[PDB]
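Report on the structure given below.
Neighbour counts are summed over all protein chains in view; Cβ atoms, including those assigned to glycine, are modelled from backbone coordinates with ideal geometry. Values quoted throughout were computed directly from the atomic coordinates according to the rules given, and no laboratory measurement underlies them.
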Amino acid sequence: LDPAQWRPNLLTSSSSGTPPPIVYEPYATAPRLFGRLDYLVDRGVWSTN
Amino acid sequence: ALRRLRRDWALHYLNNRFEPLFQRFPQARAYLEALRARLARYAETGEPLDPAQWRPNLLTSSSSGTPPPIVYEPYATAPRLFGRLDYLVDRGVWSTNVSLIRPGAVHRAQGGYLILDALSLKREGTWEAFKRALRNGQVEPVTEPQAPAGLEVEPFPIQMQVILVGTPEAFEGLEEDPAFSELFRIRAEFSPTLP
Amino acid sequence: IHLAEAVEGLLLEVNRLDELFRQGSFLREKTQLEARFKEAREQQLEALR
Amino acid sequence: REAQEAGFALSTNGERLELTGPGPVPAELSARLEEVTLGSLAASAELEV
C-alpha cells in the first residue's frame, strides 16, 4: 500500500467570513491560478499523486 | 495512544528548550514552531528527518551598515537578480531544500541600494519580473524547467531602493509602461554639457 | 550564527527525543495504558467465557 | 531530597531515573521526577553544545 496515493490534500482553511478570503494575484499565470501538479522523478520516471 | 504520548511528551520537552529561542528570536516564530511540529511528527510517526531541509540558510550578512549595502548588478538576469535554486541529484532524483537556495542581487541589497543598468534589464527580458518583484514583493529563485519539484517561495517585503542607470534612449523603451513612472519617480538626469 | 547553532543543537536533540521514550515516567505511563487496555480486553474475555 | 520527604527511594540507572517504594508514586513526585530528568538531559544537550 502506497500512503502517498491516499491522503487528502488540504487546499485552504475556512474563514469566519469577516475578513473574507481576499486573494490578490497580480501575477496571472496558469500555475499560480489553477494550481500545480509537481512530480517526483524516480529513476528517470515522472510520477504524480 | 502510545504514539500520541510519543508526541505530547516530545512537545512538553521541546517547549522548555524552545522558550529561550522565542525569547531571543521573536521574528522567527513561524520557523521555530514549524521545526517543533516537524520534530513532533518525527517522534510520533517515525518518519525520517532531513537536516538539510530544516536549517536557516544565510543569504547575506551585515558588518556595520556604513556604507550601506551597495549592490551593482550589471548583468541583470533572473538567476543573478532573484537567486538560484540549485538541486542535488540522488539516484536520478532531483531534490531541493532551504539550504540549496542561493542569493541574488535583490537578496544582498536589502537595507541598501540595488544599482542596475536599464538597458541590461531591457536586453534580458527581466524587466517585467523585476517590476513584479518591486511591486508585489514577488522575489523567488529561478527554477530550471526540467526539475518538477520546486519550492513555494513566500512573497518577501523589499526594503531596498533600486537606482537604474542608463542612456536616455535606454529609458525611452521603459517609460512607455506607466508602472515605470509609478515605481521610479526621481529622474536624476545628467546634463550632457557643463557651463 | 546563533540561530544556526541553536538549530543544529535542536536537530541533535532527536537522540534525546528517542531517549525520553524509555524514561521512567514514560515507561510507567506506557505500562499503565497497557494495563488499562488489557483490563478492558480481559473484561470482554470474561464476558465471552 | 524531595523523594526522601515523600518517602520513596530514587534509584538512578543512568540518564534514566525512577522511584522504588510501596505502590505508585504521588502525581506531584512523578511531575518532579519528570522535570528533573528533562532538565538533566537538557544539561546533557548543553554538554553537547
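With contacts taken as Cα pairs under 8 Å at a separation of at least 6 residues, chain D carries a relative contact order of 28 percent.
Tilt of helix B:29-45 relative to the longest C-alpha principal axis of chain B, in degrees (0 to 90, nearest 10)? It works out to around 40 degrees.
Taking every pair of Cα atoms in segment B:143-195, average 1/r, invert it to obtain the Kirkwood radius, and report Rg/Rh to two decimals.
1.18
Taking the DSSP beta bridges with both ends in segment B:19-127, the antiparallel portion is around 55 percent. Selection among B:110, B:64, B:173 by position relative to the dipole of the protein assembly as shown gives B:110 as farthest towards the positive end (Cβ unit charges, Cα centre).
For segment D:30-46, putting each phi into the Karplus relation 6.51 cos²θ - 1.76 cosθ + 1.60 with θ = phi - 60° gives couplings of 4, 5, 4, 4, 4, 5, 5, 5, 5, x, 5, 6, 5, 4, 5, 4, 4 Hz, in residue order, rounded to whole numbers and with x for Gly and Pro. Remark: chain A carries a charge dipole of roughly 20 debye about the Cα centre, counting +1 on each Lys and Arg Cβ and -1 on each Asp and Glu Cβ.
Residues of segment B:106-144 falling in the label zone of residue B:182, defined by backbone nitrogen less than 15 Å from a point 7 Å along Cα to beta-carbon, are B:128-138.
The value for segment B:18-115 of Rg(Cα) / (2.2 N^0.38 Å) is 1.39. Only alpha carbons enter this Debye calculation for the protein assembly as shown, each as an equal point scatterer, and the log10 of I(q)/I(0) it gives at q = 0.11 Å⁻¹ is -0.98. Taken about its Cα centre, the protein assembly as shown carries a charge dipole of about 480 debye when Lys and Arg each add +1 at the Cβ and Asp and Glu each add -1 at the Cβ. Taking every DSSP bridge with both residues inside segment B:49-195, close to 35 percent are antiparallel.
Across chain C, the fraction of Cα-Cα pairs farther apart than 18 Å, rounded to a whole number, is 58%.
For segment B:99-195, the set of GluC sites (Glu not before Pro) satisfying both a DSSP loop assignment and a count of at most 11 other C-beta atoms within 10 Å is given as B:152, B:176, B:189. Between the listed residues B:39, B:98, C:35, the Cα displaced farthest toward the positive end of the dipole of the protein assembly as shown, a dipole computed from Cβ unit charges relative to the Cα centre, is found at C:35. Helix B:2-24 versus the longest principal axis of chain B: what angle, 0 to 90°, nearest 10, using Cα atoms? The angle comes out at about 40 degrees.
Reducing segment B:157-195 and segment B:1-18 to their Cα centroids gives an inter-centroid distance of 56 Å. Give the cross-link partners of residue B:122 among the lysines, using a straight C-alpha distance below 22 Å as the criterion and excluding same-chain residues fewer than 8 apart. Result set, ordered by chain and number: B:131.
Other residues with beta-carbon under 10 Å from the beta-carbon of residue B:105 carry, at +1 per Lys or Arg and -1 per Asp or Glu, a net charge of +1. Which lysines, on any chain, are close to residue C:30 with Cα under 28 Å apart, when same-chain ones fewer than 8 places away are left out? Those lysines meeting the cut-off are C:38. Taking square-rooted eigenvalues a ≥ b ≥ c of the alpha carbon gyration tensor, is segment A:1-46 rounded, prolate or oblate, where a/c under 1.5 means rounded and, failing that, a/b exceeding b/c means prolate? Note, shape of segment A:1-46 comes out oblate.
Among B:126, B:45, B:96, the residue with the largest mean-square fluctuation in a Gaussian network model of chain B, with springs joining Cα atoms closer than 10 Å, is B:45. For segment B:86-195, the alpha-carbon coordinates run over 68, 27, 25 Å along the three principal axes, in decreasing order. Once the Cα atoms are used to define both axes, helix C:24-48 deviates from the longest principal axis of chain C by about 20 degrees.
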